[PDB]
Amino acid sequence: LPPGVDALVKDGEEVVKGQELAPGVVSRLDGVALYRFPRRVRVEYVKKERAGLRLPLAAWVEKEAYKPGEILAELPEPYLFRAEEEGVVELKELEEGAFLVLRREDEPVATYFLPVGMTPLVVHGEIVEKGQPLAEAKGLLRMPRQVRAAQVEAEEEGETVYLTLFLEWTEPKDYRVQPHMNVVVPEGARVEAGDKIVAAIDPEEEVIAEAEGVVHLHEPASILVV
Amino acid sequence: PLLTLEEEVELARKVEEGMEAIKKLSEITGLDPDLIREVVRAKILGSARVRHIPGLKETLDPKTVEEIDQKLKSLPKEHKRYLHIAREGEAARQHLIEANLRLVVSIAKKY
DNA sequence: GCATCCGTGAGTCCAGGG
DNA sequence: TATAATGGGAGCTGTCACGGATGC
């Protein structure tokens, strides 16, 4: 496999004779493909948190849970989602959507979830007072593809709803594998805190798993069809 | 074909660890590390090449290699792990020699 | 089957040898 | 015993009949 270009196929699966294995590799034979030397290991660490969002009551599509991509509300006009706490902003922009966390001193004080359609109006590290706009939702706002809403609690108050969402998603972290290192973990396996992913000559170069997650292997040095 | 750095290191690692596994299997089973190495080799190579060894105290006969392979296969999973380690090591050893046969030729053409 | 294309072993006696 | 080293060289010339082996 040329440097950097990734596989069009994954480790463990059967392939057909002539079925291309990569943008410049075609398999002369049928059988099980296998990864030789993964040069990038991406770990999807699983995060399950509780977050909140306030919405106009009319614009809300009441449901008990939300699958990804699913419409969460529809706004007839621009709407400013405002802070209900004072603090310093920690903005974590996922693939789609975001999480605001306001923190006072060294303790977190609010965790807001901005689904797709909400443009955050604050920058990481910013100071915010109660009521100031954190983000603007235009309309047809919906869940991101990468995150799902397990459970949904609602509170009516005035002309709005406050959703307490039990969200579950994954955040990826990559690691560059060196030729003198061997991946000791299979594709799609479940690591815990402290479980070793990639071994290396000297221990300070090892790859140990921070939290729980799954393992995904990318850019093999070569691919072995057997 | 010629080893890449990665294939080189992988096979060498497998060899080192298989030798360590033979040592651990000797600690567990109380057998002779040489006897164990010969039985693992006998199974990796095949009965095509199954002869006696001058250092071994017991004639290496298919009967005895089967007996020792069965004494090994009856070990608990965490012990029988080392048998798979050793078999992998021997296969790597064969492959590493075979891959470096050309270097011998390039040296010997000068003598 | 019918030619052609091959391998192979053979070539008097004596002497001396540098 | 540890930098790294990865596929070789040599030819060779004025015979002849014959049994067996390959192409037609």
Side-chain angles (χ1 to χ4, degrees), chain A residues 1-5 7 11 21-22 24-29 31-41 175-184 196-208 217 219-226, chain B residues 1-27 31-46 48-49 51-57 82 84-111:
Chain A
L1 272 192
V5 352
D11 178 280
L21 221 66
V25 165
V26 175
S27 167
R28 297 197 193 109
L29 56 105
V32 173
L34 288 176
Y35 275 163
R36 289 283 76 242
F37 304 103
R39 312 214 219 86
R40 175 167 63 78
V41 178
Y175 303 83
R176 180 56 61 180
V177 181
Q178 300 309 337
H180 294 208
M181 311 166 66
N182 60 296
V183 176
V184 207
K196 186 196 305 182
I197 314 188
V198 181
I201 293 283
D202 307 326
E204 80 286 352
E205 309 154 353
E206 296 179 1
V207 179
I208 308 175
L217 304 159
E219 290 180 15
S222 47
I223 318 174
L224 174 59
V225 191
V226 175
Chain B
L2 275 176
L3 264 25
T4 330
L5 220 208
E6 283 151 331
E7 310 171 297
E8 196 168 303
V9 176
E10 169 178 33
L11 294 169
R13 183 175 62 62
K14 294 180 176 290
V15 170
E16 208 153 285
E17 283 160 344
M19 297 191 58
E20 294 164 15
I22 297 175
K23 290 308 174 193
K24 227 74 173 79
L25 289 167
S26 177
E27 293 173 20
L31 278 35
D32 188 350
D34 313 87
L35 175 50
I36 282 204
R37 187 195 64 251
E38 286 311 307
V39 170
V40 178
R41 199 173 268 150
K43 288 292 181 185
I44 289 302
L45 257 23
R49 188 187 319 153
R51 218 205 52 197
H52 182 38
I53 312 297
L56 274 54
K57 308 176 303 174
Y82 293 122
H84 305 78
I85 309 285
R87 302 272 191 104
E88 187 79 30
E90 294 289 334
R93 169 182 183 264
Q94 311 276 322
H95 192 7
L96 180 57
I97 306 169
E98 289 196 277
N100 286 290
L101 289 184
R102 312 156 185 257
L103 172 74
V104 170
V105 162
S106 61
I107 294 166
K109 62 174 179 184
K110 296 175 300 170
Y111 294 78

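Atom set for the values below is all heavy atoms of this structure, side chains included, hydrogens, waters and symmetry mates excluded. Every chain is numbered from 1 and lettered A, B, ... according to where its sequence line falls, protein lines coming before strand lines.
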Subject >> Sugar of D:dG11, sorted north or south by the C1'-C2'-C3'-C4' dihedral sign >> reply: south

**OP:** Evaluate the base stacking between D:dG7 and its strand neighbour D:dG8 against centres under 5.5 Å and planes under 30°, returning yes or no.
**Re:** no

Original post:
Between D:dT6 atom P and B:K109 atom NZ, what is the distance in whole Å?
Top reply: 9 Å

Original post:
In whole angstroms, how far is the P atom of D:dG7 from the CG atom of B:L103?
Top reply: 9 Å

**OP:** Let me know the distance between CD of B:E16 and P of D:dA2, rounded to the nearest Å.
**Re:** 17 Å

Subject >> Non-neighbouring partners of B:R41 that pass salt bridge (charged side-chain N to carboxylate O under 4.0 Å, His left out), sequence neighbours left out >> reply: B:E38, B:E90

Original post:
Looking at B:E20 and B:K23, does any basic side-chain N land under 4.0 Å from a carboxylate oxygen?
Top reply: no

Original post:
Over how many whole Å does the gap from B:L2 atom CG to D:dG7 atom P extend?
Top reply: 7 Å

**OP:** Could you state the atom-to-atom distance from CD of B:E8 to P of D:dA2 in whole Å?
**Re:** 17 Å

**OP:** Would you indicate, from the sign of the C1'-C2'-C3'-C4' dihedral, whether C:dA15 has a north or a south sugar?
**Re:** north

Original post:
What distance, rounded to whole Å, do you find between the two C1' atoms, one in C:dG11 and one in D:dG8?
Top reply: 39 Å

Subject >> Check: B:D32 side chain, B:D34 main-chain N or O, donor-acceptor pair, under 3.5 Å >> reply: yes

Original post:
B:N100 has an atom CG; how far is it from atom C1' of D:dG7, in whole Å?
Top reply: 14 Å

Subject >> Nearest-angstrom distance from the residue atom CD1 of B:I107 to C1' of D:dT6 >> reply: 9 Å

Original post:
Between C:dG7 and D:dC12, how far is it from one P atom to the other, in whole Å?
Top reply: 14 Å

Original post:
Any ion pair linking A:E219 and A:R176 (charged N to carboxylate O, less than 4.0 Å)?
Top reply: yes

Original post:
Does the ring of C:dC6 sit north or south, if a positive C1'-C2'-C3'-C4' angle means north and a negative one means south?
Top reply: north

